[PDB]
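Structure 1 and structure 2 below are two forms of the same protein chain, each written out on its own as structure tokens.
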Structure 1
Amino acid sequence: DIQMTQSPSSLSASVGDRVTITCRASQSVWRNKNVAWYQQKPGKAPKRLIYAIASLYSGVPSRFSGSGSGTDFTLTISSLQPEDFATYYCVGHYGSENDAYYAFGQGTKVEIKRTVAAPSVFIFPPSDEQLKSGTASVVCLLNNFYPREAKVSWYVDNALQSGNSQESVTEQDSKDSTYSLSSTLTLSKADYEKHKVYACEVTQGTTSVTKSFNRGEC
């Protein structure tokens, strides 16, 4: 019925930076006062920070400042702090006659920059217990690295795999600000027992790290 288009969908900025999250109205309600800004921490309920475009709620640090322009509303954090890294949603109330509804934004994930770190790559063969069930999962672990962008490729007897793997990534660790990633290659017991060499290639920029095992060797 209307759309609160947010921007950027995610951003990275170190402590003390000045962050600017914007939120547009798809149509034009000319002048809307009932726009708010919410904050949500991982696994937590949303928390309100700004109401009525610019009114700072009591208890909210004054670094959060709300700004208006009729249709484009802007959240501004002057000096970024450690507790300010979360997801921010803009919400606005709109209504005409037989229509009334709130509209949230896509959100903005505010992540913290840090020194690039290379992952500790580990590869795990399928357990013999699983083979009895007819399927073999091979798992590759990328532990405690930065940034999140990495290409993880699977080779079975040096043939690049495709379509048989799924990835999962954690959130930024609250301590070291690093990510951990797992890539799970799913093979049939028959296909797993036909081939010998299983490899995981992790590519970040100009570095590729491959960890492999031979089926049946310790």
Structure 2
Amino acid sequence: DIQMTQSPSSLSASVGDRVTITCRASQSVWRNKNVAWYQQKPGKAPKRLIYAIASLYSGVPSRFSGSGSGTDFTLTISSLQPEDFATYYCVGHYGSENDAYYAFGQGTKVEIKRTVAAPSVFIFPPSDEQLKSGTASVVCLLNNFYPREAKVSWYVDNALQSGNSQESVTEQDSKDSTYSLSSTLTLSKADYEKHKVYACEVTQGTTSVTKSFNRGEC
């Protein structure tokens, strides 16, 4: 039935910037009053910031504020902080004395632009415990870097690997606004013990960093 469209769908802004997110309803909301704004941080439940278009919940910092009339609404973050990294949703109430409906906008992801930071790169051999099971996971960790885009390649005895690895990336850290990334190379025990040099190569811009180990040297 009802729709709500937020704009933009995502944005990047600097700490201290003023941020504005527009919400836009397909009908007039109940009493032209019932619009709230919610904030959802990674792996957390949504948290209400604003209700009744402009009332600020007592648990929320005063840099959040809302405005708007009828069918168009606005959330303003007056001085963006690292911990404001989140997806923001407007929610609207609708209906008559005989109808009751709620609709959510599609969400606006707010990302924090910060200065470039090179990752610390760590490489982990498979544990002896796992090798007994017949499988070998080699993990490469890229810790606390910015920006997010990075190319991570595996090399086993200087042969480039394809199709035997998976990546996972965190969301922006709520304190330093960096990312971390893991890449996991999965081989059988038989494959793992047939080679010596395991290397993970990380490329960002004009720099590549390679971390390696020689199987069984400690």
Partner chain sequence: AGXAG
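Throughout, residue numbering runs from 1 along the sequence of structure 1.
Where the criterion is the form solved in complex with the partner chain, structure 2 meets it and its counterpart does not. Comparing the chain between the two structures, the hinge between its two rigid parts falls at 111, out of the candidates 111, 49, 154, 145.
The interdomain rotation between the two structures, with the chain split into two rigid parts and fitted on C-alpha atoms, amounts to 29°.
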